Structures are given as structure tokens and as C-alpha cells.
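> just to be clear, this is only the beginning of the complex, oriented as in the whole thing:
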Amino acid sequence: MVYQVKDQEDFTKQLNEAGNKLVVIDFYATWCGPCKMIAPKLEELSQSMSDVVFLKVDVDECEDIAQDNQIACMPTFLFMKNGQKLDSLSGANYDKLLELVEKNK
């Protein structure tokens, strides 16, 4: 399950509800080709890894959140734990995504 963040309020709530778990946030746009290519693999990963929280943020609807995290390349994956940034990944590199999840879980 990859929950779609509705706004800044909702974003804070989900980070709290994550508890101590690694949070992976996917910043994407519906007009971006590599976003749509990686999205199914992220959804599959989230179904298996109940120990990691997966979130996604449509930058067209949450431009404020986008602005807050200095997005550039898309998709961008942000890794967070207890509300604190651990790492960042730009682009749809599934293997690098897996290493960062492995390192930071």
C-alpha cells in the first residue's frame, strides 16, 4: 500500500503514525514518464514490507510540500525516520532504491 498524501497536515500525521519505521516518500507528477514506470514496483514493495511506510506526493497538488523539500529530478525518493531526513534519491533507479531501503530500515 502506497498512501497518497493530501496536504501538509496529512503529511505530518503520516510521519507520526510511522512511529520508528523508515518512511519512503515518492514525489511524482502524473505527467512524468519515469514516475509512472516505477510506481507499480513501489506499490509491490510496499505490500511486502510491512516494516516500512510508503507515501507518495503529487507535486502538482502539493506544491507547498514540493517546495519544502527542494524537489528537482522526478521521481524523487525521500527517506525519513522519526521525522528526520536520512537520504535522497533522484530518478527511477530501483536497485539504488533497494540499497537505501536496506541501509536505512
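Perfect, thanks for sending it. Numbers count the residues shown, from 1 in each chain, chains lettered A, B, ... in the order given.
> partner residues bridging the residue nearest in space to the middle of chain A?
By Cα atoms, centre = their mean, the mean C-alpha position of chain A lies nearest to residue A:25, the distance being 1.3 Å. Beta bridges link residue A:25 to residue A:55, residue A:78, judged by DSSP bridges.
> list the residues that contact it.
Residues near residue A:25 by Cβ atoms under 8 Å, 6 or more residues apart in numbering: A:5, A:54, A:55, A:56, A:57, A:77, A:78, A:79, A:80. Yep, even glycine has a C-beta here, placed from its N, CA and C like the rest.
> so what's the residue of chain A positioned farthest from its centre closest to, chain neighbours aside?
In chain A, the residue that sits farthest from the middle, by Cα atoms, centre = their mean, is residue A:31; the gap is 17.3 Å. Closest residue to residue A:31 apart from its sequence neighbours, by Cβ to Cβ, 6 or more residues apart in numbering: residue A:60 at 7.9 Å.
> specify the local secondary structure of the one you found.
Under DSSP: H, G, I helix; E, B strand; the rest coil, the three-state class of residue A:60 is coil.
> same check on the one 10 residues further on?
At residue A:70 the chain is in coil, as set by three-state DSSP.
> can you check residue A:92 too?
Applying three-state DSSP: residue A:92 is coil.
> state the number of residues packed around the closest residue to residue A:74 other than its chain neighbours.
Excluding its sequence neighbours, the residue lying closest to residue A:74 (Cβ to Cβ, 6+ apart) is residue A:32, at 4.9 Å. Residue A:32 has 17 neighbouring residues, counting by other Cβ atoms under 10 Å.
> chain B next, sequence below:
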Amino acid sequence: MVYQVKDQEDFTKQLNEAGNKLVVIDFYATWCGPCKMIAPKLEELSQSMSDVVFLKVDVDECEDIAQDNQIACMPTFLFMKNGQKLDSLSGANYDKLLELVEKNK
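Okay, chain B now, added to the rest:
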């Protein structure tokens, strides 16, 4: 001055208006930091070179144009001349941008 493309029809109109000139199209988003840092450099370039036309497209307002040009990284520069795509540049690399202009103007 750098003209903001309003829609797909307006984009064709601006490409026609450029005539034989090189056209540099900046795809950007208002929430993107690197886009804002380089926007003033582009305006200066736009003022100073009369053999190049500079356009910009807000990807949150023309999502159709961003999808049709496979934008992935903000900002992205597209270089066109006589309706033909010549080059692309991803990111706010001003020197590469300048080089690509000198090469294609």
C-alpha cells in the same frame, strides 16, 4: 523578456513567430529552487541576444505540454529551430546551456 507559453496552441504560435531563430524553452515549476536561481540569468540572456528566442512553460499549468515533451527534471531546457528539436538539457547548468546556444544559434 521571457514569454510564458499559455497552452499548446500558443506554443505553436510562438514557434512560428521565432522564424529561423533558435528557440530555447525553459520547463520549470514555481516550487523549484534551481528554476528560480536561473530565471534571472535567462531574462538577461533574453534581453541581450536578439538572434535567440526564450520561452518558458510552467509544468503545473501546462501538464499536457510537459508530458508530450517527456520532462523529468526541473528545469529542463529544450532547443528548437524551425520546428525541429535539436537538443535538450536537464538541470540548471548555465555553461552547458550557453554552449548549446552558441552551437545552435
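> once more on the neighbour count of residue A:32, with chain B this time?
25 (other Cβ atoms under 10 Å in any protein chain shown).
> was I right about it contacting residue B:72?
Yes. Using Cβ atoms under 8 Å, residue A:32 is in contact with residue B:72, at 5.7 Å.
> now do the shared contacts for the two.
residue A:74 (Cβ atoms under 8 Å, 6 or more residues apart in numbering or on different chains).
> what's the residue farthest from the centre of chain A in contact with, if anything?
Contacts of residue A:31 by Cβ under 8 Å, 6+ apart are A:60, B:59, B:63, B:64, B:66, B:67, B:71.
> next one: residue A:27
By Cβ under 8 Å, 6+ apart, the neighbours of residue A:27 are A:56, A:57, A:59, A:66, A:69, A:71, A:74, A:75, A:76, A:77, A:78.
> for residue A:74, same thing?
Here residue A:74 is in contact with A:27, A:28, A:29, A:32, A:34, A:35, A:59, A:90, B:72, B:73, B:74 (Cβ under 8 Å, 6+ apart).
> rerun at 10 Å
Neighbouring residues of residue A:74 by Cβ atoms under 10 Å, 6 or more residues apart in numbering or on different chains: A:26-29, A:31-35, A:59, A:66, A:90-92, B:29, B:59, B:71-74.
> mind giving me the PyMOL select for the contacts of residue A:31, buried ones only?
Filtering those down to the buried ones (16 or more other Cβ atoms under 10 Å in any protein chain shown) takes a single PyMOL command:
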select buried, (chain A and resi 60) or (chain B and resi 59+63+66+67+71)
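> dump stretch A:93-105 to PDB, restricted to CA.
Output of stretch A:93-105 as PDB, limited to C-alpha atoms (Å, rounded to 0.1, in the frame of the first residue of the first chain):
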ATOM      1  CA  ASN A  93      16.700   3.500 -10.100                       C
ATOM      2  CA  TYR A  94      15.100   0.500  -8.500                       C
ATOM      3  CA  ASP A  95      18.300  -1.100  -7.400                       C
ATOM      4  CA  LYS A  96      19.600   2.100  -5.700                       C
ATOM      5  CA  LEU A  97      16.100   2.400  -4.100                       C
ATOM      6  CA  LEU A  98      16.500  -1.100  -2.700                       C
ATOM      7  CA  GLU A  99      20.000  -0.400  -1.300                       C
ATOM      8  CA  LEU A 100      18.800   2.700   0.500                       C
ATOM      9  CA  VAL A 101      15.800   0.900   1.900                       C
ATOM     10  CA  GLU A 102      18.200  -1.900   3.000                       C
ATOM     11  CA  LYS A 103      20.700   0.600   4.600                       C
ATOM     12  CA  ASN A 104      18.100   2.700   6.400                       C
ATOM     13  CA  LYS A 105      15.400   0.200   7.600                       C
END
